[PDB]
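Remember, it's 1-based here, ligands and their atoms both numbered in the order they're listed. All heavy atoms count here, side chains included; hydrogens, waters and symmetry mates do not. We number each residue from 1, following the sequence as shown.
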Amino acid sequence: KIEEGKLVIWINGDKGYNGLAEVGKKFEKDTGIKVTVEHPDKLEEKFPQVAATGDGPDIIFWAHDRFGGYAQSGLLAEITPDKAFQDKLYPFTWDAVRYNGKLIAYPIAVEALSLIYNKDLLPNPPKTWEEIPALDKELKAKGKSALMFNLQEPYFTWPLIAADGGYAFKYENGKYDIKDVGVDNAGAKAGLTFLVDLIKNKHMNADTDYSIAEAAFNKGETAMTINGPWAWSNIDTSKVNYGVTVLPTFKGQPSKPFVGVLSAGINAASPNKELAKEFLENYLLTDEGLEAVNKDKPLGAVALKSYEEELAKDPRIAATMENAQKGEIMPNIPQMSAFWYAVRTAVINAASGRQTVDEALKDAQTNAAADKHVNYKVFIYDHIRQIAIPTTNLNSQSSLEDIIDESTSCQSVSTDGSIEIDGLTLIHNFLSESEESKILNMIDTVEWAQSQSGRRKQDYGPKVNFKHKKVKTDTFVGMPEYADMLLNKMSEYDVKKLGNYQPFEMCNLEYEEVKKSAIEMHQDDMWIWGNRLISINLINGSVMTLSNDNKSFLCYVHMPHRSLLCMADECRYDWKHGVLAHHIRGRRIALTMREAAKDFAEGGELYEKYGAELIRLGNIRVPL
Ligand SMILES: OC[C@H]1O[C@H](O[C@H]2[C@H](O)[C@@H](O)[C@@H](O[C@H]3[C@H](O)[C@@H](O)[C@@H](O[C@H]4[C@H](O)[C@@H](O)[C@@H](O)O[C@@H]4CO)O[C@@H]3CO)O[C@@H]2CO)[C@H](O)[C@@H](O)[C@@H]1O
Ligand SMILES: O=C(O)CNC(=O)C(=O)O
Ligand SMILES: [Mg+2]
C-alpha cells in the first residue's frame, strides 16, 4: 500500500513541480513529514490503475476533467473543508471539483489557452484564423513563420474546432447529456477542415508537438504560438518580447478553449488524508504557497481570492480570462477521457492525411461514447509472412473465434498497409504432445499460488520489489528440471533469436476460463528482466493482444496450443501485451521465462550486488 507518515504527490511535468516541492520543504521543516513531489509520465493514466489496488500517490494534481472518472470508482476521498476555508476560494472553482454533490478535490488555478505572439515580428496579431495563411506567406518570405503550436494534443486544437459549433456533450436541464455528442457536426468539421488545410498548404507541420512549437517561439522563429500560463516562465527567460491576447475568431465566431481548473485530489487509499488536508489547505492554498508554485511556472487565475487580488493586474491573466470567457469549463464526467482519446485520434489522423476530416470525426463521434483501444488501428498477425495485416473485420472487442478465423484468412490478403513488429517471434508447434505431457506432469506435482486477475502461479526466481529496486533470494533455490530441455530446444530451433538465454525467472501462469482469468495490458519490468520474454502455451492456446500507444496500433497474435512466443526489441520496449479474459478457453498454463537484464549480467552495475548471485541460483535445478 501507501506508506504512512509521509506524502507522495503527483503533478504533471509542465507545471511548477519544483515550486511545489519547495512548499513541501516548508511542510517538512514545520511538521517533520517528508513530502516527495513526482512528475511521472502519463500520471493521469497510472493513477486509476495503482489507486484501485491501494497504491499510488497520496495527492494527485490534474485539471478537474479527469476527476469524475476517478471519483466514480471511489479513488478520491471526499474532502471536508470547513466553511471558513471554503470561503477563501472562488465558488465557481469549487463547482468544478464537485461530483454527485460531493467535493472531490481542492481547486488550485484556472487555466485557458491564449494566443501568444512575438511583438517584434508581429506588432498587430491577426483577429481571425482566416488571415493566417496570408500572414504566413508574408513571414515565410522573411525567414519566419506565422504560427506553431502543439498539434498532438486535442486540447490545443479544440478552441478552433468548437468555434463554429463543435462540442463535447450538450448541457441540458442541469446535467451533461452523454447521449448528445457534438464532435462530428458541421461546426466541428469546418474547424478541423481549416486546420488540415493549414497543414496541406504548408503553413503548419502535422508533426509539430509541444517542445517543437515552444522552442521555435522561444528562439524567435515563429510569430505566434498557442499555450497556457505554465508556458510563460520559459518565454520570460528567453526575453522574447511577447504578448498574450485573445485567440483568433473562426467563421466570424470566437475560438472556444476548454477551460481547466488545476485540482488536487486525495487518494482514497491514502492513510495520510489528514496530512494531505493540512498540506493543501494551510501550506499550498496560501499566498506564500501559491507564490512559490507561481514563481516556478505560472498557474493562471488562482482559486484563492487573496492571492488572485495580488495577481489581477497581470495583463497575461486578463487575456487568459478573456479567452476563458469565450470557451467553457470542461465537464468532469467520466466520459471526458473517452471524448479526448477520440478527438486526439481524429485530429492526428486527419492532419496526417490518413483519413478525411469527415471520417476521422465520424469515428471520434462514435468512440466518444465508449478503453482507449477502440480508437486504434487493428492488425492481425500473419505468422507465415511474419507481418501484421490491417483488418477492419476485427476490433478491440473481437472474439477469439473471429481472431482465429482472421489469422488464417489474412494470409491471402495484399500486404498493403501491413507492418513489421521487430522482435515478435512465433513458433507454431514448439512442443510435441509428449514433451508437453512430460512438463505438465512435472508441473502438477508442484504447489500453485494465488495471484492477480484469477491466475495462479508457480514462481521460480527471486522476490522483487520493483518499486524500491530490492531483491530477495531467500525463496530462489533454482529453476524447474524441465528448464534445460526448453532452453536447448530454443537454441536448436533458432540460435540467433532464442539462444544464449540465461533464465533469471521462470514463472508458470495458470488461467481458467471458469475463473475469468486474464492478464491486463502491460510492459514487463526492464530493471531486472532483459530483452527477450518467452511464453509457451500449455494445454490450450490463446491470443496475445499487442498495443502501441505511440502509433495507436492494436495487433492480435493468435498463439495456438503448444506454441512458443518470444517478445523482444521493438515488441518488448515499444508495445504492451496482455491476454484478455474472453480469449481464454478451458485451462491454459503460460510457461514463461525472463532473462537477465544488462545491469545484472557479467558486466553490469548490479552484477556484484545481485547479478552474480542470481546467475548461480538460476544455474541449479530442482528435481521433480
Ligand atoms: O496515448 C495517447 C495519449 O493518452 C494520454 O493523454 C490523454 C489523457 O490521459 C486524457 O486525460 C486527455 O487529456 C486531456 C486533459 O485531461 C485535459 O486536462 C487537457 O490537458 C491539458 C491540461 O489541462 C493543461 O493543464 C496542460 O497540461 O496541457 C494539457 C494538454 O496537453 O487536455 C488533454 C487533451 O489534450 O486526453 C489525452 C489524449 O489526448 C497520455 O497522457 C499521453 O501521453 C498519450 O500520448
Ligand atoms: O502469456 C501470458 O499468459 C502472459 N504473459 C506475459 O505477460 C509475458 O510473457 O510477459
Ligand atoms: Mg508480460
Parallel, tilted or perpendicular, as decided by the 30° and 60° cut-offs, for the rings of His383 and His428: parallel
Would you mind listing which atoms of ligand 2 come within a distance below 4.0 Å of any non-hydrogen atom of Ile519? 4 (C)
Ranking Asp14, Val347, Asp41 by closest non-hydrogen atom to atom 28 (O) of ligand 1, top hit is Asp14
Nearest non-hydrogen contact to atom 17 (C) of ligand 1 from the set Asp65, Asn150, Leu43, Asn548 belongs to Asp65
Can you name the atoms of ligand 2, numbered from 1 with element, that are less than 4.0 Å from a heavy atom of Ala590? 1 (O), 2 (C), 3 (O)
Under a 4.0 angstrom heavy-atom cut-off, which atoms of ligand 2 come close to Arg588? 1 (O), 2 (C), 3 (O)
Hey, is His583 touching ligand 2 through its side chain, its backbone, both or neither, going by heavy atoms under 4.0 Å? neither
Of all N, O or S atoms in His522, identify the one at the shortest distance from the Mg ion (ligand 3). NE2
Using modelled atom types only, decide if a donor and an acceptor are shared between the side chain of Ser535 and the backbone of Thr592 within a distance under 3.5 Å. no
Provide, to 0.1 Å, the distance between atom 1 (O) of ligand 2 and the closest protein heavy atom, together with that atom's residue and name. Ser535 OG, 2.9 Å
Let me see the working for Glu510 and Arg587 under salt bridge (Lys or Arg N to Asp or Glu O under 4.0 Å), right down to the final yes or no. CA-CA 7 Å; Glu510 184 207 63; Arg587 191 179 184 217; 3.0 Å; yes
Would you mind checking which non-hydrogen protein atom is closest to atom 5 (N) of ligand 2, with the distance to 0.1 Å? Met544 CE, 4.0 Å
How far is atom 9 (O) of ligand 2 from its nearest protein heavy atom, and which residue and atom is that? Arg594 NH2, 3.1 Å
I'd like the name of whichever of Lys372, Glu111, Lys46, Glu153 reaches closest to atom 39 (O) of ligand 1 through any heavy atom. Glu153
the protein heavy atom lying closest to atom 6 (C) of ligand 2 turns out to be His577 NE2, 3.3 Å
Taking the minimum heavy-atom distance to atom 41 (O) of ligand 1, which of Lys551, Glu44, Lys42 ranks first? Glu44
Return the orientation label for the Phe258 and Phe339 ring planes: parallel under 30°, perpendicular over 60°, tilted otherwise. perpendicular
Check this for me - ligand 1, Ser337, N or O atoms closer than 3.5 angstrom, yes or no? no
With atoms numbered from 1 as shown, which atoms in ligand 1 lie under 4.0 angstrom from a non-hydrogen atom of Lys15? 24 (C), 25 (O), 26 (C), 27 (O)
Could you list which atoms of ligand 2 come closer than 4.0 Å to a heavy atom of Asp524? 7 (O), 8 (C), 10 (O)
Atoms of ligand 1, numbered as shown, that sit under 4.0 Å from any heavy atom of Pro154: 34 (C), 35 (O), 39 (O)
Do the charged groups of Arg455 and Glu520 touch, with an N to O distance under 4.0 Å? yes
Centre of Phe504's six-membered ring, under 6.0 Å away, within 45 degrees of the axis: is that where NZ or CZ of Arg594 sits? no
Could you identify the single nearest non-hydrogen protein atom to atom 19 (C) of ligand 1 and state the distance to 0.1 Å? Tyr155 CD1, 3.6 Å
Can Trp62 be said to touch ligand 1, with heavy atoms closer than 4.0 Å? yes
Taking the six-membered ring for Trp and the single ring otherwise, decide whether the centroids of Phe553 and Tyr376 are under 6.0 Å apart. no
The atom of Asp524 among N, O or S that is nearest the Mg ion (ligand 3) is OD1
Would you say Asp549 and ligand 1 have an N/O pair spaced under 3.5 Å apart? no
Quick check against the 3.5 Å criterion: does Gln355 have a side-chain atom that pairs as donor or acceptor with the backbone of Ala350? no
Any atom of ligand 1 sitting under 4.0 Å from a heavy atom of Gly260? no
Centre of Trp230's six-membered ring, under 6.0 Å away, within 45 degrees of the axis: is that where NZ or CZ of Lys297 sits? no
Please could you name the atoms of ligand 2 that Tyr511 approaches to less than 4.0 Å, counting only its heavy atoms? 2 (C), 3 (O), 4 (C)
